[PDB]
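# Coordinates in review
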Amino acid sequence: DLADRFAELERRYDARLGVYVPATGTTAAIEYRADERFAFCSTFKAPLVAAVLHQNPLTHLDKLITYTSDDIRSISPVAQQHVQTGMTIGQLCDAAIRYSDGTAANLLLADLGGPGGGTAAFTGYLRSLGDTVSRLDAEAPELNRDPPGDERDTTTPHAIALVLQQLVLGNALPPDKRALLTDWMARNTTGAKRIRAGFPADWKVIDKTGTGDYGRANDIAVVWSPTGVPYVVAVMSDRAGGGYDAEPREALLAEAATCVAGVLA
């Protein structure tokens, strides 16, 4: 039994686990703690890139953004190398998704603009997609640090799955922008030990990960079966019992995904 398996994983990893897979043609929704709040962590960067793509003509991708030393305040594998040259909006989107570059995502929030350094406009973009649950209140590094249970900077597996479904499978974005987002997630470099690890090699997986304090580890994905049937998979976790420095456990997400894949196969 699924729920029994997910409960067993919680005990194994001293963790709280949330899972959602939306219903399809022939499968019921899979849900475990799906309406409980979990920190976004870096998973917000996927709808962030969608918001920026949606807000602007496509050639806004070619606009050069400049930044400085005091902008590097979080893990930023790409942006830390380009302070002198700047980065174009397209390079920022690529880095935010594929390398989970924190400076890149902060710069994209600023591009979106408005109150809260773009966090209010980000939240408004989610509201436009019918998500009345999620909220973004801070940028990096603060957004990964809220105490367990705090509602700041949170989504739920259910909410983020429905958002991702609209972005990748539905009509939230025009086809050209949808393809840009989908391809960046398809080329993600940070997800090999999470949802990807739980699905057989002949399933396609695109994803966006997040990791935070209090043992936070998330992954949101769209997967396609070998015959092209898509499913959206959101898996979220934290480990409050280990305190602020609790180690994130990727293996919990890989095992949860393996269980989901077993049901979807």
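As documented in the archive entry, the model was determined using X-ray crystallography at 1.410 Å resolution.

## Things to note about the packing of aromatic side chains
This model, assessed by the stated rule, comprises six aromatic pairs. Look at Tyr214 and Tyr244: their rings are 5.4 Å apart centre to centre, the planes differ by 80°, and that puts the pair in the edge-to-face class. Here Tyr214 is found in the loop between strand 7 (204-212) and strand 8 (216-224), whereas its partner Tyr244 is found in the loop between strand 9 (230-238) and helix 9 (250-264), with 30 residues between them in sequence. Judged by its relative accessible area of 15%, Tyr214 falls in the buried class.

## A closer look at helix 3 (residues 89-98)
Of all 10 residues that make up helix 3, nine are buried, and the element is covered over most of its length. Looking only at helix 3, the buried set comprises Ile89, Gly90, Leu92, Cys93, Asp94, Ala95, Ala96, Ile97 and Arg98. In this fold, the buried residues of helix 3 make contact with helix 2 (45-55), strand 4 (64-65), strand 5 (87-88), helix 4 (102-112), helix 7 (175-186) and strand 7. Directly after helix 3, the chain includes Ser100, whose backbone phi takes a positive value near 45°.

## Side note on the packing of helix 1 (residues 2-13) against helix 9
One way to put it is that helix 1 packs onto helix 9 with a least axis distance of 10 Å and a crossing angle of 170°. Between helix 1 and helix 9, the crossing angle belongs to the class labelled roughly antiparallel. In contact with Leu2, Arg5, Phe6, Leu9, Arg12 and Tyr13 of helix 1, helix 9 contributes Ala251, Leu252, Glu255, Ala256, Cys259, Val260 and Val263. Residues belonging to the contact of helix 1 with helix 9 are distributed by class as follows: 10 nonpolar, no polar and three charged.

## Remarks on the pattern of salt bridges
Within the structure shown, the criterion is met by 15 salt bridges. For the salt bridge of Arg194 with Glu250, the shortest nitrogen-to-oxygen distance reads 2.7 Å. Of the two residues, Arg194 is situated in the loop between helix 7 and helix 8 (195-198) and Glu250 in helix 9; the sequence distance between them amounts to 56 residues. By relative accessible area, which is 25% here, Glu250 ends up partly exposed. Several salt bridges share partner residues, and in doing so they unite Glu10, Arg16, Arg33, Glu36 and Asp238 into one network.

## Here's the deal with helix 2
Counting buried positions along helix 2 gives nine out of 11 residues, so the element sits mostly inside the fold. Residues of helix 2 that are buried include every one of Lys45, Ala46, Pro47, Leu48, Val49, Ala50, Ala51, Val52 and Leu53, and no others.

## Thoughts on the nonpolar core
By size, the foremost hydrophobic cluster in this structure holds 57 residues, and its most contacted members are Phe44, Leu108, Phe122, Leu167, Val168 and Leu181. Residue assignment for this core shows that the elements contributing at least two residues are helix 2, helix 3, helix 4, helix 5 (119-128), helix 6 (157-169), helix 7, strand 8 and strand 9. If near-sequence neighbours (up to four positions away) are discounted, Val168 is found in contact with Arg178, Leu181, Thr182, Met185, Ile206, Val222 and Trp224. Counting residues in each nonpolar core, the second largest holds 27 residues, with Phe6, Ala221, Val233 and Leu253 among its members.

## A few points about the packing of helix 3 against helix 7
At their nearest, the axes of helix 3 and helix 7 sit 8 Å apart, and the two run at 45° to each other. Viewed along their axes, helix 3 and helix 7 adopt a mutual orientation that is oblique. The handedness of the crossing between helix 3 and helix 7 comes out as right-handed. Note on element contacts: helix 7 touches helix 3 through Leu181, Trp184 and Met185, opposite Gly90, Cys93, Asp94, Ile97 and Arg98.

## What about the pairing of strand 8?
In terms of residue burial, strand 8 counts as a mostly covered element, since nine of its nine residues are buried. Here strand 8 shows a buried face lined by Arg216, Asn218, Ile220, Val222 and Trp224 and a second buried face lined by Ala217, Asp219, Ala221 and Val223. Sheet analysis places strand 7 next to strand 8, joined by nine bridges and oriented antiparallel. Paired with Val205 across the two strands is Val223, which belongs to strand 8. Counted between consecutive antiparallel strands, the loop separating strand 7 from strand 8 contains three residues, among which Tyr214 sits at a positive phi close to 55°. What sits between strand 8 and strand 9 in their antiparallel hairpin is a turn of five residues, with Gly228 showing a positive phi close to 80°.

## Let's talk about the side chain of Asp131
Looking at the element boundaries, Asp131 is found in the loop between helix 5 and strand 6 (154-155). Within the buried core, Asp131 has no salt-bridge partner, and the shortest N-O distance to an opposite charge, that of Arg127, equals 4.4 Å. Of the polar contacts made by the side chain of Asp131, one reaches the backbone nitrogen of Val133; its length is 2.9 Å. A distance of 2.6 Å separates a polar atom in the side chain of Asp131 from a polar atom in the side chain of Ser134. Ignoring sequence-local partners within four residues, the contact set of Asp131 consists of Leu126, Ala159 and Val163.

Calculation rules
Residues numbered from 1 in each chain as written, not as in the entry; some residues may be left out. Heavy atoms only, no water. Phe/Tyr/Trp six-rings, centres within 6.5 Å; stacked < 30°, edge-to-face > 60°. Helix = DSSP H or I, 4+ residues; strand = E, 2+ residues; numbered from the N terminus. Buried < 20%, exposed > 50% of the residue type's maximum accessible area, 1.4 Å probe, protein only. Contact = heavy atoms within 4.5 Å. Axes fitted to C-alpha atoms, helices over the stretch in contact; angles between N-to-C directions. Parallel < 35°, antiparallel > 145°, perpendicular 65-115°, else oblique. Nonpolar A, V, L, I, M, F, W, Y, C, P; charged D, E, K, R; others polar. Salt bridge = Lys/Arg side-chain N within 4 Å of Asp/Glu carboxyl O. Core = buried A, V, L, I, M, F, W, Y, C linked by side-chain atoms within 4.5 Å. Left-handed = near helix turned anticlockwise from the far one by under 90°. Pairing = 2+ DSSP bridges. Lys, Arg positive; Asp, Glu negative; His and termini not counted. Polar contact = N/O pair within 3.5 Å; in protein donor to acceptor, adjacent residues only side chain to side chain.

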